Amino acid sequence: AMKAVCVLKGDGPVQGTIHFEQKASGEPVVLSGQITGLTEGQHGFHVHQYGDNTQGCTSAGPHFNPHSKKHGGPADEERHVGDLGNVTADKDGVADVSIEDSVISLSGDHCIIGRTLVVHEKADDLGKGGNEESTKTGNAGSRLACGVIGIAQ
């Protein structure tokens, strides 16, 4: 079994911890955790390409995209590998997270270990925003907090 963990923080009040679990090579990855300090509602949630936070979140690069595809939702076949959709904050700004994904991995070609998890300012539109950016970025806006995904026990 593989485990991973990520501590997210940024320039403001958003912070949280995300755990990844993957029973075997060909199993889905389960994320779970909590993020606090968010505006109420939905926020984009992506694995970005680099585990480089020398410039805070901006140095993480684009969404993790080995196959040079377009941005989509987690349920689309046409998606960046990093496209995990949205995460949902309550009225008190708390986002419990619980997600299963079979495209990211903790080993092999789609390994996200050593890369960066980012929570975003705006909802990810899942490729349906009808402008150029939706296709790149889901229009999710600024990177509110991030962390390098590391190996967990």
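Quick note: we count residues from 1 along the sequence shown, nothing fancier.
Across the two stretches, 118-126 and 22-30, the PDB entry reports the greater mean Cα temperature factor for 22-30. Taking only the listed residues 36, 53, 49, 88, the entry reports the highest CA temperature factor at 53. Among all modelled residues in its chain, residue 107 ranks in the middle third by Cα B-factor. Ranked by C-alpha B-factor against the other modelled residues of its chain, residue 1 falls in the highest third. Placement of the Cα temperature factor of residue 44 within the chain: lowest third of the modelled residues, per the deposited record.
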